[PDB]
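Below: one structure, written as C-alpha cells.
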Amino acid sequence: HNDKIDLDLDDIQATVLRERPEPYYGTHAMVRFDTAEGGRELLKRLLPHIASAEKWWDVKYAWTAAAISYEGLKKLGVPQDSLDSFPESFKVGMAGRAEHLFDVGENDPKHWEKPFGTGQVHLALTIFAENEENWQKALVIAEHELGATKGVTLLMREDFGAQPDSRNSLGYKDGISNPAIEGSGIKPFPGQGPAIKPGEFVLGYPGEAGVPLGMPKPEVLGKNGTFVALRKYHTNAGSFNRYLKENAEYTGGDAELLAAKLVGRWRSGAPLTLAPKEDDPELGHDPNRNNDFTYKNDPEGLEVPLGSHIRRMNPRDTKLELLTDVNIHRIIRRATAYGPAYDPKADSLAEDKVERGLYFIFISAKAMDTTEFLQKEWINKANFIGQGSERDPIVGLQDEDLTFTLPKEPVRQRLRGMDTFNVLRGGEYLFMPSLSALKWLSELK
Ligand code: HEM
Ligand SMILES: [Ca+2]
Ligand SMILES: [Cl-]
Ligand SMILES: [O-]
Ligand SMILES: [O-]
C-alpha cells in the first residue's frame, strides 16, 4: 500500500474495495431462502469462500460477493430490533421505492423480469474473475454448496463478461472513474481525488461530516458492511446505433464523436476534455491519464456537454445551480456487461431484442439515498445543470420530444428523438455485510 490504512480491510467484503478485473468473467445468482435454517446453512457453507478486502490492490483471480435483501434478513431470523435499525428505503425495497427512483413507464416494476421486485430475492451472489479457469472454479464451489443446502432455491443465474476489449453493451470502455476512499491504503489516480471520507462507503467509520452515518445494530451486524443497489438493464443497441447514424450531422458526420458527446468519453475511454476533436485510445486505456480532468477548462460543455452521462453523474468542478457537495453523492460502481457483444453496425429492430445489457452493483453506506437522488435529480431532470427537463441520454427515461443540449460555437444544438437506450429489467436494495456479520447471521437461532 502507499497510504495510511484506516479500514478493517480483513473484515470488509472484497467487492467494496476491489476493482472489477480486466478482462472479466463472472456470474450473478439470485437465491431465495425457503427456510431460516436453509439460509443460515448456505451462508455458513459460503463463508470460507467470501474473500475480504485485505490487500485489495493486489492481484486476485476470483472472488465471491454476498449481499442480502430485507426479506432475506427477515427470513434468516434477524431479530425485529435489528430489522428496525435498517433504513426504511431498504425495508420497502427497490420496487416499492419506484416513485423515489422515477422507475416509471418503461422502467415500472410492474414489467420487471422475475424474480426482481417480488421480495423473493433474498441473497445475491456475484462471482468476479479475471480468467475463465478461476471463474469456473468459484462457480463449481458455489453451485456445489447451493446444491448441498436444503431449504434454499436458486432463482436465476446469469453469466457476464467475456466482452471484446471488456467493452459494455453499447461498446464503451467502462469501470474507469470510481471514488477514492481515504483510509483504503491506496492514493487516488490523477483526477480520481479527492479521497472521500470512509464512512460514505463503509458503515462504522466517519463520513464527510466527521461522524459515522446511521448503521444497523448490533455493531457486529452493521460495522464494516455497506449497502448495494443492484440494477439490471437491457440495452437497445439497434436503436442506439440508428440514433447515432441519424444525428451525426450534428457532429460533423462523425457518429463516434456523437457517441463521445452523449457519454462524455469516446468508446475507447478517452474523455473529451482530454481528446476533444479526435479519439485517443491509448490515453483512454491508461488509468494514470484517463481521469485527470475536472471540467475547470470547459465551463460551457464545448468538450463534455453538461448533460452528458459522466458530467451528470459526477459534475466535479462544474458550476451547478446550488452549491452542492458532490462528495456526499458519490457511488462505487461495479459494472458487468452481459450477452452477445455489442455490434456497432447492427441497427435493426431485431438487434434491440438481443439479450444484452448491464448489471450494476452500486455501493455506498447510503446507496438507497444516493441511487434515489441520482435517479430523481441528476438522471431524469436537469435543473442542477440548468437544462430544464432534459434527461440523461444513456439511462434516462426518454421520449421523442425531450432534448439533449450539445454546446457548439456559435450556437447550441438540441438533439431529440431518443429512445430509452438502457431499460430497467429489475433490481434490489441489498446489504453487503462484513465477514463477521455473515458469520453472525449464519449462527442465528
Ligand atoms: C444503465 C446503463 C448505463 C451505461 C451503458 C453506462 C455507461 C457508463 C460509462 C461508459 C461511463 C464512463 C466510464 C466510467 O467512468 O466507468 C459511466 C460512468 C459513470 N456512470 Fe454510468 N452507465 C449506465 C448507468 C448508470 C447509472 C444508472 C448510474 C447511477 C445511478 C451511473 C453512474 C455512473 C457514474 C457515477 C459514473 C462515473 C462518473 C465519473 O466519476 O466521471 N451509470 N457510465
Ligand atoms: Ca424508437
Ligand atoms: Cl470497478
Ligand atoms: O458504466
Ligand atoms: O455506469
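Throughout, numbering of the chain's residues begins at 1 and tracks the sequence. Hydrogens, waters and symmetry mates play no part in the numbers below; they use all other heavy atoms, side chains included. Numbering of ligands and ligand atoms starts at 1, following listing order.
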**Request:** State whether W63 and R18 meet the cation-pi test: NZ (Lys) or CZ (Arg) under 6.0 Å from the six-membered ring centroid, and within 45° of the perpendicular axis.
**Result:** yes
**Item:** ligand 1 atoms in contact with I379 (distance to a heavy atom under 4.0 Å)
**Value:** 30 (C)
**Fill in**
Checked atom 21 (Fe) of ligand 1: protein N, O or S atoms closer than 2.8 Å come out as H309 NE2
**For atom 41 (O) of ligand 1, the protein heavy atom that lies nearest, with its residue and separation** = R316 NH2, 2.9 Å
**Prompt:** Relative to ligand 1, is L358 under 4.0 angstrom through side chain, backbone, both or neither, heavy atoms considered?
**Reply:** side chain
**Request:** Please could you name the atoms of ligand 1 that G175 approaches to less than 4.0 Å, counting only its heavy atoms?
**Result:** 16 (O)
**Message:** In this structure, does ligand 1 have an atom that sits under 4.0 Å from one of the heavy atoms of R231?
**Reply:** no
**Request:** Report yes or no: is the cationic atom of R311 (NZ for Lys, CZ for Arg) closer than 6.0 Å to the six-membered ring centre of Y295, at no more than 45° off its axis?
**Result:** yes
**Asked** Quick one: nearest non-hydrogen protein atom to atom 28 (C) of ligand 1, plus distance?
**Response** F362 CZ, 3.4 Å
**Message:** A cation-pi test, strictly: NZ or CZ of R316 under 6.0 Å from the centre of the six-membered ring of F293 and no more than 45 degrees from its axis. Yes or no?
**Reply:** yes
**Asked** Between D108 and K110, does at least one N-O distance fall below 4.0 Å, as a salt bridge requires?
**Response** no
**Asked** Identify the closest protein heavy atom to atom 40 (O) of ligand 1: which residue and atom is it, and at what distance?
**Response** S177 OG, 2.8 Å
**Prompt:** Are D3 and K187 close enough for a salt bridge, meaning some N to O gap below 4.0 Å?
**Reply:** yes
**Identity and separation of the nearest protein heavy atom to atom 7 (C) of ligand 1** = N168 ND2, 3.9 Å
**Item:** Candidate list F360, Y25, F128, test side chain to side chain contact (heavy atoms under 4.5 Å, CB included), partner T336, passing option
**Value:** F128
**Complete:** atom 27 (C) of ligand 1 has as its nearest protein heavy atom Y233 OH, 3.3 Å
**Contacting atoms of ligand 1, where contact means under 4.0 angstrom from a heavy atom of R265** = 12 (C), 13 (C)
**Message:** Need the ligand 1 atom indices (1-based, order shown) with element for anything under 4.0 Å from a heavy-atom of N422.
**Reply:** 1 (C), 2 (C), 5 (C)
**Message:** Within 45 degrees of the ring normal and closer than 6.0 Å to the centroid, is that where the cationic atom of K245 sits relative to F240?
**Reply:** no
**Prompt:** So is there a nitrogen or oxygen of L374 less than 3.5 Å from a nitrogen or oxygen in ligand 1?
**Reply:** no
**Complete:** Note: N178, heavy atoms under 4.0 Å from ligand 1, region reported as neither
**Message:** Show me the pairs that pass side-chain hydrogen bond (donor to acceptor under 3.5 Å, both in side chains) and involve residues 270-282, at least two apart or across chains.
**Reply:** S268-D279
**Asked** For ligand 1, which atoms sit closer than 4.0 Å to a heavy atom of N314?
**Response** 38 (C), 39 (C), 40 (O), 41 (O)
**Prompt:** Is the cationic atom of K232 (NZ for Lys, CZ for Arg) positioned less than 6.0 Å from the six-membered ring centroid of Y338 and within 45 degrees of its normal?
**Reply:** yes
